[PDB]
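This document opens with one chain alone, in structure tokens, the form deposited in one PDB entry.
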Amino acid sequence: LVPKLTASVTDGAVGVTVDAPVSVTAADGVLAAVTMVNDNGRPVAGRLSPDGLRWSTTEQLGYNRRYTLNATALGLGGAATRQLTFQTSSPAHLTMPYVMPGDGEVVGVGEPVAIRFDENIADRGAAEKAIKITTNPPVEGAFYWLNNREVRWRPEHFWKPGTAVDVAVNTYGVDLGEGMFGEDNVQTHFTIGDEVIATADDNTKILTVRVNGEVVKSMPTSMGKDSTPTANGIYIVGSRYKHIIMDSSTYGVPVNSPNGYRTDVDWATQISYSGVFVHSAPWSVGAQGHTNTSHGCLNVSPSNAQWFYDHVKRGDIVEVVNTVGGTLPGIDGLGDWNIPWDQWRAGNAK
């Protein structure tokens, strides 16, 4: 028997995707030599298995390249040589993914996986399929798109503390539609910490912090006045600031408009993209626990704001109930939990 050479590509192939390595296998014989070079004769790094049967590229293959593969196999029956030339995908566009939360971080039970591309994704289904989420303990979750560029993944209920989450965004070499391919892969891994849920009840004007079911803090608060009420619903804790200038125009409202503002505040924890913060409000300590006076923020005392800053982490939960407001939009950016599971699970990959 004469040796046979089999590749993971074929001679003359076009549109070969670079999301996977290229390999060669010998039958009835072993691989004596394999080389692969690009257009300019530059070799691609590769590795032959110890038994001589399988060779594979070991470095990233490039877009828009023509590669030439030369392989020789020898057996007791003689020799065989093949030359294969193929071309890889030629993207019209590249998009780079950006993932949250950060690698190595410990986050709260409300924290979604977020993947944000720097370009509109025409094929949402292809993006979803290329994102590999591993959970331990395993739990079911689903993708939901907040806009044309950012997709979210979460389970049905808040994470169980101590859960490992691994996010492999394997977009390199993947056609995301209309000739748009991933610029690169990105990876992140994070862990779920303590269950921290702070409930603001407008009926009592108390913000209660519960850590793993236990009441550890009770904060008198002043929320949005009737004309600018705090929306009810579930909020995810985002970033924390020792101090920050809260500029209303960041959130769509002109500073000079009647509901506009620009205020320097201390110990500020953001809980919506719409501009809701828990923060130090020295000017309303008298109203806190009693009447709503703010633009929608949860006013608390200086010491309580700093407490909150010190004890609350990204992905922890603030729930607001019984205000005269509506419900925080599910696609706020930090309002993902306000979308019912059936709707979330169904997705909008369209």
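Think of the rigid core as the biggest set of C-alphas that the two forms share within 1.5 Å after superposition. Residue indices: 1-based, along the sequence shown.
Just so you know, the form deposited in another entry exists too; it's not on screen, but the next bit is about it.
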Sole residue of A305, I317, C297, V34 shifting 2 angstroms or more in CA between this form and the one not shown, core aligned: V34
Does the C-alpha of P21 move 2 Å or more between this form and the one not shown once the rigid core is lined up? yes
So, does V44 move by 2 Å or more at the CA between this form and the one not shown, with the core held fixed? yes
Superpose on the rigid core, then tell me if the C-alpha of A287 is displaced by 2 angstroms or more between this form and the one not shown. no
